[PDB]
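The data below hold one chain only, encoded as structure tokens and taken in the form deposited in one PDB entry.
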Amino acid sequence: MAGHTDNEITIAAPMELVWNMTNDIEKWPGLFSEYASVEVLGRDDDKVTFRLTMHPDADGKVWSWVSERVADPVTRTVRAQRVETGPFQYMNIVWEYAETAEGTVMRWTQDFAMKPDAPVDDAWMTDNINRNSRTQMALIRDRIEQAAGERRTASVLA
């Protein structure tokens, strides 16, 4: 409670592949299904600034914003925040990964609060974020597992 989402998925693929594919942001439009577009606007050394544009929501509204993220492959963590807070007081996003017996776990956590005069409340935003997160996590899992299986078939059959 409240303005907090915490979602995870296990992907039956090795850490290197899961990390590389999920952090290849210019290819996000082909991996995720929720974005109309992803544009990388800048990179300092470590920090990547990019614009996301979602497909229309349930009200037909298009959400588009700029975020900055730092992905650190040594700790297998990513931290992101919104460059302009807009309707939010703030939005902080952390992605963590680990190895388990079943493959690579990826966990996505978001912590935020809406501004007093935002067009939607924390509950609406929380519900949307859980719904989209759960769907996208499931889809990314299927695509990466498919990529892993195809790589393995190629390797074993060669």
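Between two forms, the rigid core is defined as the largest C-alpha subset superposing within 1.5 Å. When you see a residue number, it is the position in the sequence shown, counting from 1.
As listed in the deposited structure, the average C-alpha B-factor of 37-45 and of 62-70 is greater for 37-45.
Judged by mean Cα B factor in the deposited record, 23-31 ranks above the other of 127-135 and 23-31. Of the candidates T109, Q89, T100, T53, the deposited coordinates give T100 the top C-alpha B factor. The residue among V105, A113, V120, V94 whose C-alpha atom has the highest B-factor in the PDB entry is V120. Residue-level temperature factors show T77 in the lowest third of its chain, judged at the C-alpha atom.
Heads up, the form deposited in another entry isn't pictured, but that's what we're talking about next.
With the core held fixed, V40 shows a CA shift below 2 Å between this form and the one not shown. Once you line up the core between this form and the one not shown, the Cα of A98 stays within less than 2 Å of where it was.
With the core superposed, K27 shows a C-alpha displacement below 2 Å between this form and the one not shown.
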